[PDB]
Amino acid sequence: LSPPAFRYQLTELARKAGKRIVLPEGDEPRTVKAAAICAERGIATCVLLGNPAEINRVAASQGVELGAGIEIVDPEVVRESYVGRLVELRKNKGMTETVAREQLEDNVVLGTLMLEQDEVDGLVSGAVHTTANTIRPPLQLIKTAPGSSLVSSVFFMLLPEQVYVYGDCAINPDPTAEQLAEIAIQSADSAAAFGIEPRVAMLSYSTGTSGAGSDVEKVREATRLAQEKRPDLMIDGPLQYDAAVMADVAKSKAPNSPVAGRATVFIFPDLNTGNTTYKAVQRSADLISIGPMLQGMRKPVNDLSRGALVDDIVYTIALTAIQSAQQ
């Protein structure tokens, strides 16, 4: 699975999904250009939230036509029709009609209510907003998937001939043992859904009992808890990074391990570890990453980097559509 091969696999899987993805940042130039690519290539039907005139002016300003597969929704027209639904959804938290109308001025809230009404299949935003702005309404309204008590994330690491899965390198600062086992299971399910055989390495500064301490025991607990809920999955830990990827190190420090030496899914003990290793490997191996992709949400939601490129948005919409077919 080379980087071009994996990127095409995302295109193939998204086409077979045949999903509708709402884009709250409907008039954003990068998002308009990416939506037209997804429609022309069959990656997804893109629902743009914004003024039809402005979106078409932005589309014309970038040499892009919005034909089939592009559906523009004017928030001013449809906003009031979702007020009653939002009041009903948050009535026990003190939602009023006036407050609900105030919240619906944000296109992410509007797209989330469209997502909750099963009018679209997924939501992508964040090119010109914060991560919290993208995920807070879905967290409040869509909630977590059954069997998940939290949302985590993964990065797809595109090596020259294979794809690794890293997580959680963006969201959860300090997972407990129970949460870490949940992150490992979510990440392995994500890997399998995107064509990656999950061999899950629970990372630590200790390989087995080479090191001791509360930090090592948390990874050991999470390993056992994850194996309890999913006896079918190949999980092992604790493992240092070299033991997870090198067969020679595996044969010397963890020879009875079904994961060591050939791990494909790498679960980091905390965000310090995950984000630092993710950033360092991106520079040192000079490889390519796709993500981060959220996991554990009841319906797919994903947040873009504020400096994302058009192609970054294109494949993020693909991931979101593929996640919709997974559920």
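Start at 1 and count along the sequence shown; that's the residue number.
Once you work out the mean C-alpha B-factor for both 56-64 and 42-50 from the entry, which is higher? Comparing 42-50 with 56-64, the higher mean C-alpha B-factor belongs to 56-64.
Residue stretch of maximal mean CA temperature factor, 239-247 vs 224-232: Result: 224-232.
Among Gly167, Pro173, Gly122, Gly84 - the residue whose C-alpha B-factor is largest in the record: Among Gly167, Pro173, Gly122, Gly84, the highest C-alpha B-factor in the entry belongs to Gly84.
In terms of the chain's CA B-factor thirds, is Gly26 lowest, middle or highest? Ranked within chain, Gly26 CA B lands in the middle tercile.
Thinking about Cα B factors across the chain, which third does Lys299 belong to? It falls in the middle third of the chain.
Please say which third, lowest, middle or highest, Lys16 falls into when its CA temperature factor is compared across its chain. Its C-alpha B-factor belongs to the highest third of this chain's values.
Please place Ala263 in the lowest, middle or highest third of its chain according to the CA B-factor in the PDB entry. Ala263: CA B-factor falls in the middle third of its chain.
Split into thirds by Cα B-factor across the chain's modelled residues, where does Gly211 land: lowest, middle or highest? Within its chain, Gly211 is a middle-third residue by C-alpha B-factor, going by the deposited values.
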